[PDB]
Asks: 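Sharing a structure with you now.
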Amino acid sequence: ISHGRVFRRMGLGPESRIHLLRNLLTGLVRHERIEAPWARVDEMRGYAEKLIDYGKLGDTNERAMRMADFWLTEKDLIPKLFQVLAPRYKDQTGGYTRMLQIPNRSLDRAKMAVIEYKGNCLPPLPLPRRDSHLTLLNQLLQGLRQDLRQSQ
Amino acid sequence: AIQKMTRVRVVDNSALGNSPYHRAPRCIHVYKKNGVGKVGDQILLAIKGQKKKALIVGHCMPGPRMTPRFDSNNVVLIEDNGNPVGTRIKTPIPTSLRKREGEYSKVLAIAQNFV
Amino acid sequence: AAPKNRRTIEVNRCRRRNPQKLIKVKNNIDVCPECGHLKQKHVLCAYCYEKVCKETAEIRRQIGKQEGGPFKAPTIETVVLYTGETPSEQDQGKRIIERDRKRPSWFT
Amino acid sequence: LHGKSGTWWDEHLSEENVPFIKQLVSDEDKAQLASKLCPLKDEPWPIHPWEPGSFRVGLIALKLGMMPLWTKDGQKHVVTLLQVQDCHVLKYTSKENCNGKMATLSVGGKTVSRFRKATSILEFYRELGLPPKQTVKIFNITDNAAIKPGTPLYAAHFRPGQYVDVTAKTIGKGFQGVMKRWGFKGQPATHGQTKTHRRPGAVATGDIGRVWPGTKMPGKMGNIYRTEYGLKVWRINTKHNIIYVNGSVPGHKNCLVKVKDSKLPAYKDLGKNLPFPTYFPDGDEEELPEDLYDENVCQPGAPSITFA
Amino acid sequence: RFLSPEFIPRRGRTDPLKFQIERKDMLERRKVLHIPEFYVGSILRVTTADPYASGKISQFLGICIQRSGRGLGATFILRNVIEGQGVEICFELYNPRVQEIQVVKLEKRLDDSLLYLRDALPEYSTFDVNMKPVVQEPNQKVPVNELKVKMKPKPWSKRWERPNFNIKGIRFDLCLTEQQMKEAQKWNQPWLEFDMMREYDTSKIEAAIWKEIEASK
RNA sequence: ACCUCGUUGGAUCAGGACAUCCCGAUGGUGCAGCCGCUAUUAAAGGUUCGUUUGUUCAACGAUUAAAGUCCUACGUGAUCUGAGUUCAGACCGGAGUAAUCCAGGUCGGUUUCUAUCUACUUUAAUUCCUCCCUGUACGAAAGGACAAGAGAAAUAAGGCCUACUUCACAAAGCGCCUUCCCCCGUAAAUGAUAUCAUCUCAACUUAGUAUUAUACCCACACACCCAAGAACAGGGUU
RNA sequence: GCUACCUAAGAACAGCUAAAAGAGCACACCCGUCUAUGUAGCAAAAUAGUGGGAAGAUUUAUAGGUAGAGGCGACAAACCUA
Ligand SMILES: [Mg+2]
Ligand SMILES: [Mg+2]
Ligand SMILES: [Mg+2]
Ligand SMILES: [Mg+2]
Ligand SMILES: [Mg+2]
Ligand SMILES: [Mg+2]
Ligand SMILES: [Mg+2]
Ligand SMILES: [Mg+2]
Ligand SMILES: [Mg+2]
Ligand SMILES: [Mg+2]
Ligand SMILES: [Mg+2]
Ligand SMILES: [Zn+2]
């Protein structure tokens with residue numbers, strides 16, 4: 001039974017899970033875009049968002065500095081987190097990351113996901129775009145919208 | 001909860017309770033269909049190589065809210081008829097003993113403090 | 001426990017040709033209207049993703065050449081510029097990664 | 001390419017039309033729900049008085065959680081809150097076609113998205129004029145208690161001091177071993193015991209050369225319908241349509257439970273004072289208080305009880 | 001501003017309406033019984049009517065060794081020793097038969113749970129039954145009693161020295177060897193203070209609860 | 001018709017019989033009530049924990065309403081475990097020239113199975129105590145009831161997490177909640193064969209009831225999340 | 001070339017305690033008490049923990065020797081290439 005269990009069991013245990021997520025998060029901060037197995041990306045996404053929140057807390061915040069020191073294994077990324085990533089998202093309140101599914105890994109057919117920090121300098125991912133508003137169904141719905149607006 | 005083989009503290013004025021002995025008093029039988037004794041349950045004790053009935057008046061196991069939890073499993077020696085063997089109970093006795101089914105007025109009369 | 005009898009090919013066919021064992025037909029496969037490639041609805045187009053990955057790898061090679069060593073993550077933003085492009089007013093004070101090819105159509 | 005593509009409502013909608021459709025359909029849902037708020041002014045079925053041997057309809061509530069409650073004697077009773085969420089009478093069938101010999105009312109609750117329901121269900125709810133409900137349960141009633149489909153049902157359909165039966169799917173515990181599923185003793189942890197600690201012992205005798213049907217074995221535990229009988233209705237919050245039912249109710253929080261008058265013989269004819277067809281707020285005979293209490297309940301805000 | 005612990009819900013999938021209803025009942029009971037601010041480690045005297053007697057009140061004074069539960073069923077267990085007998089009572093805050101809760105000595109202890117007072121020396125649980133209530137200035141932070149208790153020999157109710165308990169109010173140096181402390185450190189789990197997805201942020205929930213309380217006023 | 005001597009439990013889960021140990025209903029009594037004894041009927045349910053012993057048992061201790069007798073290849077060892085024949089070592093005792101023999105005593109002592117097939121894997125609760133009725137009925141007193149009701153526990157079954165506890169976005173118990181109908185042995189009424197009488201394998205009329213009452217379930221038709229879950233399936237996505 | 005015993009010539013044995021020890025605790029090293037795992041296994045005898053010895057009747061490398069009714073044996077009919 002795992003009712004309400006919100007954390008996956010990864011790696012070799014709890015510490016190993018944290019270290020795996022830490023390595024993934026460090027890679028995400030360094031490269032701003034990471035391919036990894038979909039479950040590990042999904043597990044690490046929350047930590048990525050929380051890292052951006054801690055970076056927003058400020059460079060001088062001692063708790064934020066300690067959290068960044070733990071979660072970034074390469075220490076040149078801590079200035080990056082506090083002076084690039086957090087300022088990039090100061091306006092936003094959430095959704096700092098974008099996670100998309102990728103064709104399965106050729107090695108072991110693993111479910112793969114690409115996770116990026118929004119607003120990076122890299123080429124944009126081929127995002128899924130909704131149908132054009134000029135399609136037949138959308139135009140009929142636009143007609144409904146206009147009639148409803150006029151009538152009521 | 002007091003079961004068979006639980007060592008118990010005789011909180012009583014009785015000579016059996018207050019007499020030193022190599023073996024501490026140890027519950028031999030719980031007069032309850034499940035062998036688990038709570039406050040107000042009678043047990044059979046092996047004291048000084050003698051089998052004596054006794055009444056539970058406190059235990060470390062948590063009970064229902066508003067009732068006291070004691071640091072020891074306190075017991076009071078009683079005769080087969082029901083008369084307390086001792087004449088004074090020093091440690092506090094829970095007031096919840098009053099409304100429980102069973103004869104406890106003698107024990108309450110003997111008791112000095114209530115909690 | 002060892003099998004008591006050899007299982008017949010009739011029984012074995014009934015077992016291993018069950019619909020539970022047959023490969024299911026996928027109905028989420030469509031054509032990427034952008035480039036006309038086959039993709040699953042919820043998954044990125046493989047060809048488009050390979051394009052983006054190759055371009056990202058080139059940009060990252062240029063980034064590595066610019067940084068020149070480990071532990072040299074800049075504390076400033078980065079902008080990628082292609083041939084025939086000039087830093088904008090917004091791109092001021094941001095490290096410039098110069099690519100020798102022209103700006104891809106899918107890049108903006 | 002084979003033509004069996006599975007579509008969902010959002011698939012072909014544009015960025016502009018998605019919020020428009022969401023808002024439009026939600027507005028239609030709430031308008032439909034409001035249109036049923038005055039059943040007595042909408043040609044109600046005949047409202048017969050209560051007679052002995054009459055069974056009225058029940059509700060479909062949502063298990064909110066549990067909280068303590070105290071009675072004037074000083075005892076604590078754990079109570080479970082059941083919220084009646086958009087519960088409506090949906091269907092009526094006579095004794096002949098009820099799979100028995102008692103009229104039946106199908107009742108639903110907990111409105112759900114129309115985008116996620118089968119076409120036949122959507123058509124049924126369209127004819128009924130209501131948004132679709134998550135669960136539909138059938139209540140056996142006498143013809144005295146027939147209610148017109150579409151009529152809403154409220155927590156005040158019950159009253160404090162009444163006894164109730166609550167049936168729901170229990171918490172699913174998945175494939176469970178026999179120690180957890182049936183409370184088998186298992187085997188000792190040490191003294192040479194190897195690789196058998198939680199296993200069933202013998203499952204039968206050697207003579208029969210087989211295993212009896214119904215033998216207790218490891219398997220799926222829970223996620224089956226169970227009924228708790230004879231639970232006292234301690235309180236009713238009419239504002240939020242909450243029933244405070246004594247003790248435990250099967251199933252998890254935020255799960256739909258079917259609530260009906262208790263079938264126990266002791267509570268056979270306690271329906272005299274209960275709203276017989278159902279409670280009609282539109283009747284407005286006396287606007288009920290925000291909270292209806294049982295007599296013994298230590299109401300909050302009352303002066304602290306003293307056993308004088 | 002002190003929000004009483006029972007108001008903040010433990011996280012879960014339970015509907016917020018249930019908490020709204022429960023808080024309504026809790027506040028409506030607080031309008032009758034004044035539930036004062038107190039912390040684990042503060043000394044309290046609770047007066048409650050006894051159903052066993054006939055309209056007679058019982059008073060118990062002791063140190064609040066634990067605050068637990070949420071909602072209408074919230075409890076605090078407080079401890080004392082009476083004639084050398086350690087006793088603990090777990091009082092339900094919103095039980096209608098608690099007549100009064102008096103904070104004899106409002107103070108905070110180094111730990112949020114004093115369950116180790118069971119294994120501490122009896123002096124650290126002894127409190128005079130008739131001790132008079134101390135007074136704190138209206139505008140004043142709650143005092144923190146940095147008392148570090150001395151423990152009785154090592155067999156204890158719990159392995160208090162283990163890091164999962166995070167006990168600060170015990171003099172471990174007096175009762176445990178450095179080897180024992182090092183051995184206890186094997187259960188350290190240092191990552192557990194840094195996993196950000198485990199922290200429960202209750203700022204918005206507390207703000208909403210405060211709005212509800214102020215509206216109730 | 002000289003002597004001798006020729007696989008077993010336990011744990012786990014139990015299925016069944018009734019030749020009934022307790023609970024139910026009756027007849028009689030060398031039982032006034034209480035009781036005991038005996039017999040008929042009754043198998044729905046229940047039938048404890050320990051010390052010594054490997055004990056198969058047995059005794060003892062403390063209980064219980066009771067601690068039933070059995071069958072089921074020990075019921076059950078491809079579920080586990082333990083003896084002990086009896087392994088291969090070594091002593092003691094007896095026999096034998098010796099080798100060796102002797103359940104005649106003791107200390108030590110590894111059989112292993114990945115399940116192919118059958119079968120199977122979710123089918124209205126009981127006791128006990130206390131109180132009321134009851135010091136009432138009965139009885140000279142002593143002693144001491146039925147039936148009916150209320151409350152407490154406990155157990156069993158089914159659930160649940162508000163508290164407590166183990167714990168902590170949940171799972172659990174040591175916690176809490178709920179559990180509903182009987183079975184037939186006899187006792188009678190009228191009454192013939194046999195004009196009385198007679199309860200009737202006579203016709204007939206009652207106690208007398210299972211014809212389980214119910215309750216539960218009931219919508220034909222990507223992806224992600226989930227209190228749903230091994231996969232699948234199920235629920236939600238407004 | 002295993003093993004048993006022997007021959008020649010080697011080597012190893014921390015630290016503490018003790019003081020010239022078939023001494024004590026305890027590494028390396030040797031062994032194999034008990035438990036668990038494993039049981040076509042990692043292994044035709046292993047693994048993990050626990051445990052015994054650990055300056056000696058110790059362990060051990062190298063070369064040599066004793067051969068089948070024979071050898072060798074601190075006797076377990078033990079060992080002499082599973
Ligand atoms: Mg793994
Ligand atoms: Mg066990
Ligand atoms: Mg095991
Ligand atoms: Mg303990
Ligand atoms: Mg019989
Ligand atoms: Mg021998
Ligand atoms: Mg041995
Ligand atoms: Mg040395
Ligand atoms: Mg030595
Ligand atoms: Mg030798
Ligand atoms: Mg020999
Ligand atoms: Zn494409």
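Per chain, numbering begins at 1; letters A, B, ... match sequence-line order.
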Asks: Applying a 4.0 Å non-hydrogen cut-off, can you work out what C:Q40 is touching in the nucleic acid: base, sugar-phosphate, or nothing?
Replies: nothing
Asks: Mind telling me the pucker class of F:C74, north or south, from the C1'-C2'-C3'-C4' torsion?
Replies: north
Asks: Should the pair E:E6-E:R67 be classified as a salt bridge under the 4.0 Å nitrogen-to-oxygen rule?
Replies: yes
Asks: Assess whether a salt bridge exists between E:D15 and E:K18, defined as any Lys/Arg side-chain N lying under 4.0 Å from an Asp/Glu carboxylate O.
Replies: no
Asks: What residues, two or more places apart in sequence or in another chain, satisfy side-chain hydrogen bond (donor to acceptor under 3.5 Å, both in side chains) together with A:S2?
Replies: none
Asks: Report the distance from atom CG of C:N5 to atom P of F:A115, rounded to the nearest whole Å.
Replies: 17 Å
Asks: Using Watson-Crick or G-U wobble geometry with both distances under 3.5 Å, which nucleotide pairs with F:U79?
Replies: F:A11
Asks: Name all residues meeting the side-chain contact (heavy atoms from CB on, under 4.5 Å) criterion together with D:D27; count only those two or more places apart in sequence or in a different chain, and write none if there are none.
Replies: D:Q23, D:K30
Asks: Could you please name the partner base of F:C232, counting Watson-Crick and G-U wobble pairs only when both distances are under 3.5 Å?
Replies: none
Asks: Using nucleotides 72-77 of chain F, report all nitrogen or oxygen pairs with the protein that are shorter than 3.5 Å.
Replies:
{"from": "F:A73", "atom 1": "OP1", "to": "D:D207", "atom 2": "N", "distance (Å)": "3.4"}
{"from": "F:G75", "atom 1": "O2'", "to": "D:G206", "atom 2": "N", "distance (Å)": "3.0"}
{"from": "F:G75", "atom 1": "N2", "to": "D:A204", "atom 2": "O", "distance (Å)": "3.4"}

Asks: Which is more 5' along RNA chain F, the nucleotide nearest C:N28 or the one nearest D:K133? Just name the residue.
Replies: D:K133
Asks: Any chance the side chains of D:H252 and D:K63 put a donor and an acceptor closer than 3.5 Å?
Replies: no
Asks: Please confirm whether the shortest side-chain N or O distance from D:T215 to OP1 or OP2 of F:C120 is below 4.0 Å.
Replies: no
Asks: Under 3.5 Å for both donor-acceptor distances, Watson-Crick or wobble: does G:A46 have a partner, and if so which one?
Replies: G:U37
Asks: Identify the pairs formed between an N or O of the protein and an N or O of nucleotides 147-154 of chain F at a distance under 3.5 Å, and give each distance.
Replies:
{"from": "F:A152", "atom 1": "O2'", "to": "B:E101", "atom 2": "OE1", "distance (Å)": "3.1"}

Asks: Among all residues two or more places apart in sequence or in another chain, which pass the salt bridge (charged side-chain N to carboxylate O under 4.0 Å, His left out) test with D:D165?
Replies: none
Asks: For the pair A:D42 and A:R8, find out whether any cationic side-chain nitrogen is under 4.0 Å from an anionic carboxylate oxygen.
Replies: yes
Asks: Counting the atoms with a prime plus P, OP1 and OP2 as sugar-phosphate, which does D:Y125 contact under 4.0 Å by heavy atoms, base, sugar-phosphate, or nothing?
Replies: base
Asks: Quick one: is F:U178 close enough that its OP1 or OP2 comes under 4.0 Å of any side-chain N or O from D:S248?
Replies: no
Asks: Side chains of B:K53 and B:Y31: do they bring a donor and an acceptor to under 3.5 Å?
Replies: yes
Asks: Apply ring pair (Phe, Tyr, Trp, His ring centres under 6.0 Å) to B:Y104 and list each qualifying residue two or more places apart in sequence or on a separate chain.
Replies: none
Asks: Does D:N246 put a side-chain nitrogen or oxygen below 4.0 Å from OP1 or OP2 of F:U178?
Replies: yes
Asks: All N/O contacts under 3.5 Å from nucleotides 39-44 of chain G to the protein, with atom names and distances to one decimal?
Replies:
none

Asks: Below 4.0 angstrom from OP1 or OP2 of F:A228, is there any side-chain N or O of A:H3?
Replies: yes
Asks: Looking only at atom P, what distance separates F:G68 and F:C49, rounded to whole Å?
Replies: 11 Å
Asks: Rounded to whole angstroms, how far apart are CZ on D:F184 and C1' on F:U121?
Replies: 11 Å
Asks: Return the pairing partner of F:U69 with a 3.5 Å limit on both distances, Watson-Crick or G-U wobble; otherwise return none.
Replies: F:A17
Asks: Scan residues 110-125 of chain D for pairs that pass salt bridge (charged side-chain N to carboxylate O under 4.0 Å, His left out), counting only residues two or more places apart or in two chains.
Replies: D:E28-D:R114, D:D29-D:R114
Asks: Is there a side-chain contact between C:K4 and the phosphate of F:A78, meaning an N or O under 4.0 Å from OP1 or OP2?
Replies: no
Asks: Mind checking who G:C29 pairs with, Watson-Crick or G-U wobble, both distances under 3.5 Å?
Replies: G:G53
Asks: Mind checking who F:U212 pairs with, Watson-Crick or G-U wobble, both distances under 3.5 Å?
Replies: none
Asks: Which value, in whole Å, describes the distance between the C1' atoms of nucleotides G:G68 and G:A40?
Replies: 35 Å
Asks: Report the residues that fulfil side-chain hydrogen bond (donor to acceptor under 3.5 Å, both in side chains) with D:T142, sequence neighbours left out, ordered by chain and then residue number.
Replies: none
Asks: Should the pair B:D80-B:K52 be classified as a salt bridge under the 4.0 Å nitrogen-to-oxygen rule?
Replies: no
Asks: If we take the P atom in both F:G144 and F:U136, what is their distance in whole Å?
Replies: 14 Å
Asks: OP1, OP2 of F:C117 versus side-chain N and O of C:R7: anything below 4.0 Å?
Replies: yes
Asks: Indicate for each nucleotide in nucleotides 210-218 of chain F, in 5' to 3' sequence, whether protein heavy atoms under 4.0 Å reach the base (B), only the sugar-phosphate (S), or nothing (-).
Replies: ----BSSSB
Asks: What is the separation between atom CZ on A:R5 and atom P on F:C167, rounded to the nearest whole Å?
Replies: 14 Å
Asks: Taking only the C1' atom of each, what is the distance from G:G51 to G:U39 in whole angstrom?
Replies: 24 Å
Asks: Quick one: do D:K268 and D:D261 make a salt bridge, cutoff under 4.0 Å?
Replies: no
Asks: Return the nucleotide paired to G:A63: Watson-Crick means purine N1 to pyrimidine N3 with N6-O4 or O6-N4, wobble means G-U with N1-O2 and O6-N3, both under 3.5 Å.
Replies: G:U7
Asks: Centres of the D:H77 and D:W234 rings: under 6.0 Å?
Replies: yes
Asks: Given the P atoms of F:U100 and G:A77, what is the spacing between them in whole Å?
Replies: 10 Å
Asks: Counting Watson-Crick and G-U wobble pairs only, both distances under 3.5 Å, name the nucleotide matched with F:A150, or none.
Replies: F:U130
Asks: Reckon D:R181 has a side-chain N or O less than 4.0 Å from the OP1 or OP2 of F:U122?
Replies: yes
Asks: Can you list the residues that meet the ring pair (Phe, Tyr, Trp, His ring centres under 6.0 Å) rule with E:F165, with sequence neighbours excluded?
Replies: E:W160
Asks: Under 4.0 Å from OP1 or OP2 of F:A119: is there any side-chain N or O of D:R210 that close?
Replies: no
Asks: Report the residues that fulfil ring pair (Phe, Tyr, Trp, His ring centres under 6.0 Å) with D:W9, sequence neighbours left out, ordered by chain and then residue number.
Replies: D:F115
Asks: Distance between the P atoms of G:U35 and G:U59, in whole angstroms?
Replies: 27 Å
Asks: Do you see a donor-acceptor pair shorter than 3.5 Å between the side chains of D:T71 and D:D73?
Replies: yes
Asks: Measuring to OP1 and OP2 of F:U81, would you say a side-chain N or O of D:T194 lies under 4.0 angstrom away?
Replies: yes
Asks: Using whole Å, what does the distance between atom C1' of nucleotide F:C49 and atom CZ of B:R26 come to?
Replies: 16 Å
Asks: Do E:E92 and E:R97 meet the salt-bridge criterion of a basic N to acidic O distance under 4.0 Å?
Replies: no
Asks: Using whole Å, what does the distance between atom P of nucleotide F:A221 and atom NZ of D:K4 come to?
Replies: 16 Å
Asks: Sticking with atom P, work out how far G:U47 lies from G:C30, rounded to a whole angstrom.
Replies: 12 Å
Asks: What contact category does D:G186 fall into here, base, sugar-phosphate, or nothing, at under 4.0 angstrom with non-hydrogen atoms?
Replies: sugar-phosphate
Asks: It should be established whether E:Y200 places a side-chain nitrogen or oxygen under 4.0 Å from OP1 or OP2 of nucleotide F:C169.
Replies: no
Asks: Rounding to the closest angstrom, what is the interatomic distance between F:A154 and F:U179 at atom P?
Replies: 16 Å
Asks: For F:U238, does OP1 or OP2 lie under 4.0 Å from any side-chain N or O of D:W9?
Replies: yes
Asks: Check whether any side-chain N or O of E:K158 sits under 4.0 Å from OP1 or OP2 of F:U166, and answer yes or no.
Replies: yes
